[PDB]
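Here is the structure we will look at.
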Amino acid sequence: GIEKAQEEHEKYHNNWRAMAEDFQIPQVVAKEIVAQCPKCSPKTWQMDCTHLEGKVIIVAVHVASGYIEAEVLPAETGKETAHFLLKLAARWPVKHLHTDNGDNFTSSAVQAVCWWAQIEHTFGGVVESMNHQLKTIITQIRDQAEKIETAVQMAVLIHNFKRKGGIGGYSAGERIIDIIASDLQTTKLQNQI
Amino acid sequence: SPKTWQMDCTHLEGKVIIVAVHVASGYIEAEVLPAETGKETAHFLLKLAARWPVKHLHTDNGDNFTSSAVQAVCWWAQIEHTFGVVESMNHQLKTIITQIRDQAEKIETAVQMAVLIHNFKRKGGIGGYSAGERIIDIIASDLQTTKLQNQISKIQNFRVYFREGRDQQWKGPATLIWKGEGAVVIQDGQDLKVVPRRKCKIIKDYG
Amino acid sequence: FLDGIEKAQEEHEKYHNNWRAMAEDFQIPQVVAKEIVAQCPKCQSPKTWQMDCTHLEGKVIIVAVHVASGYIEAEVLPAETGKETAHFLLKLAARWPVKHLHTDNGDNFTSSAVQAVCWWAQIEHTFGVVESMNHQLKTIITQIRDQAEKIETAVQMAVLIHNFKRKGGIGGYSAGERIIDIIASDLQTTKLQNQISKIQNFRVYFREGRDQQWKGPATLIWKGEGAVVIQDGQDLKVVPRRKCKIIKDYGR
Amino acid sequence: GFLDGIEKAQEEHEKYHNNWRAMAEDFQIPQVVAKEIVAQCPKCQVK
Ligand SMILES: [Zn+2]
Ligand SMILES: [Zn+2]
Ligand SMILES: [Zn+2]
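Residue numbers (PDB author numbering), protein chains in the order written: chain C, 4 to 43, 57 to 140, 149 to 217; chain D, 57 to 140, 150 to 272; chain B, 1 to 44, 57 to 140, 150 to 273; chain M, 0 to 46.
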């Protein structure tokens, strides 16, 4: 397996995650294989903010499964963004946060919450598709509720558990639960063996 | 039961906190309410129903738990609502709140940090798991059972055109059972047989 | 059966699902589910390609990218005249189903040869992703340049590494699996639409219970072995076969 | 072939409004295309 991984990286220069999945090697050997080349994540969340009918809607998307979590913000300050990030860290395990070079995400309160929750905060074609799909669902079920908050939460529910599309035919919640369960069993068997 | 949630409310520092607990694994989601009306209670129940699969809810005979807005949200999300652990979780949450009070300025920061500490930083139990690992494992096992029972027929909904010994005509569309590495098991006219891999064509045959 | 149809109608009224999810969950045939979807007033591309020309080490490379999945087919031209561009477009239209081409306002893209190729292959040509794919392809070309003697070998090996080795996206699939799944879904949609029209060219006279009279002409949806699904009064219902007369309808 | 027969049947039904069996026996087209020619007329009705 190790010779197959070395020949595959010498031929096509694969990343360490695909080699660890396809050749069944622990991740430290694949990391050293990629690090020894001269030519050369289930817990990553991307954040964004948008506007809709004068309100500010903050959207956090889990990337490897397509999971959504949205909220209505009364303002675009830093304390409310830090509170939403604290609630997101208190609900799901967050290890790597991806954002844009903004003003509210670059704040002392949000950096204090990131330090207390031990999250790697990084600044930099999936999130635009997620926001566009959320906008189409919001325009679909707008007339079933009065305020925009109930419409946002019902759009989150429909996007999470009522859209069984894609190649596998799986919704977002079942995908993120199966991914984190398989990653937990993989880390357990690697810590045991 | 893997899909039963219970709810309760309490007071702290002049505020009103509402705590919802997944019972089978001890998973706490808590929020700070600015009022005790039915609108924000149904809004919190809608956020809980949008984040996690809630199929059965158990509450008490309160004033905000008996509301037409809560009935409308439960009808829209197809929730079986019953009237009647959470006190022990409230005691644990208040002790953690008093433990790390000195790092939070407001009250909601201390509440959400206590929720994070109780969810991911208190490893106990029998196997030595936290609460998030327990709820993820329970829901994954139940979904694996139901999806297995559907995927058997989903893989049996295919068609196989096979070839037999010393006959140059492709036979009819027998039903696939299992596709091995070098052998294919098919069912043809209530007769199970095994053909090699180089003598079969597997189509879904839209038409 | 009828309980499943009424549950699917209430579910589509609430949440506005698609027809595949309802046909898999509620155990109804796909023609009835597509009928329920098509009767919604609030519920109403896999064959588009982009072309580009670039320069690399004194040669002229031409890249054609399938947009909906990111599928790159590249070639090396001897010159930048119109005839070799028309020949590459004819090869691309011969291997993959192309129905809409998106190009820029170049000179060799505006020629009688490209116009005759688009006329013979029936392709809608539109003059205005690709820069990002060109950046990724040129980084891969500069990554594995030393393993090839000429430039065309490095170009084809970079196309292979980009198509079948680099994995990403939501589920972690490559580009070839995405284009094959998208085209297969389009094929399933076209076959089901042909079956829907061929069944919907009929008419049904139905007779209600405790009445010896025939009612109005309801449109047939799905003809089963014991049950018959009809549409009447903007409503779907299931009538048994012993109370129905299926006749041909000439109503163009 | 009877493709010119189909064109002449369209012209003849546009003028005189024949029925389907008459055109199928005169112009020697099959009965399905003659019934479709009668079916496409908004004033006629196949009977
Ligand atoms: Zn390398
Ligand atoms: Zn609809
Ligand atoms: Zn006529």
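Built from N, CA and C at the ideal position, the CB exists for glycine as well.
Would you check whether ligand 1 has a heavy atom nearer than 7 Å to the C-beta of B:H183? no
Under 6 Å Cβ to Cβ from C:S195, same chain only, skipping five residues before and after it: list those, please. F185 and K188
Report yes if the C-beta of B:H16 is less than 7 Å from at least one heavy atom of ligand 2; otherwise report no. yes
Against chain M, does B:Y83 count as a neighbour if the rule is that its beta carbon must be under 8 Å from one of theirs? no
Should D:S81 go down as buried or exposed, given a rule of 16 or more other Cβ atoms within 10 Å for buried? buried
Which residues does DSSP pair with B:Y83 in a beta bridge? B:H78
Interface partners of residue 143 of chain D on chain C, CB under 7 Å: As shown, the structure holds no coordinates for residue 143 of chain D; chain D passes over it, running from 140 to 150.
Check whether D:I161 and D:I182 have beta carbons under 8 Å apart: yes
Quick one: what's got a C-beta closer than 8 Å to D:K236's C-beta in the same chain, skipping five residues either side? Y226, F227, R228, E229 and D253
How is the alpha helix (DSSP H) around D:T66 delimited, first residue to last? From DSSP, D:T66 is part of no alpha helix (DSSP H) but of the beta strand (DSSP E) over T60 to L68.
With distances taken Cα to Cα, identify the nearest neighbour of B:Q9 among B:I28, B:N120 and B:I36. B:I36
Taking DSSP as the reference, what is the three-state secondary structure of M:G4? helix
Please classify C:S57 as buried or exposed, where buried requires at least 16 neighbouring CB atoms within 10 angstroms. exposed
Leaving out the 5 sequence neighbours to the left and right, which residues in its chain are closer than 7 Å to B:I200 when beta-carbon positions are compared? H78, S81 and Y83
Name, in chain order, the residues that DSSP records as bridge partners for B:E136. B:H112
Which value, in whole angstroms, describes the spacing of the CA atoms of D:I73 and D:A86? 7 Å
Which residues in chain D have a C-beta closer than 7 Å to the C-beta of C:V180? List them in chain order. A106
Which listed residue (B:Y15, B:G4 and B:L2) has its alpha carbon closest to that of C:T163: B:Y15
D:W108: buried (16+ other C-beta within 10 angstroms of its C-beta) or exposed? buried
Output the boundary residues of the beta strand (DSSP E) element that contains D:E136. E136 to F139
For B:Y271, return the contacting residues in chain M, with the cut-off set at a CB-CB distance below 7 Å. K34, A38 and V45
In the segment 218-232 of chain D, which residues sit with their C-beta less than 7 Å from some C-beta in chain B, listed in chain order? none
Could one say the Cβ of C:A21 lies closer than 8 Å to chain B's Cβ atoms, at least one of them? yes
Identified DSSP bridge partners for B:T240: B:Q252
Could you pull the DSSP bridge partners for D:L257 from this structure? D:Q252
Rounded to the nearest angstrom, what separates B:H112 and B:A128 at their Cα positions? 15 Å
Below 8 Å, can you find three or more Cβ-Cβ pairs linking the segment 62-75 of chain C to the segment 212-229 of chain B? no
Just to confirm the assignment, what range does the alpha helix (DSSP H) spanning C:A175 have? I172 to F185
Tell me the DSSP secondary structure of D:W243 in three-state form. strand
Can you tell me whether C:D119 is helix, strand or coil according to DSSP? coil
Between the C-alpha atoms of M:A33 and M:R20, what's the straight-line distance to the nearest angstrom? 7 Å
Could you work out which residues of chain C lie near B:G197, taking near to mean beta carbons separated by less than 8 Å? The premise fails here: B:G197 is roughly 12 Å from chain C at the closest Cβ pair, so nothing lies under 8 Å.
So with Cβ pairs under 8 Å, would you call D:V180 a contact of chain C? yes
At least one CB of chain C closer than 8 Å to the CB of B:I191: is that the case? yes
Does DSSP put B:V126 in a helix, a strand or coil? helix
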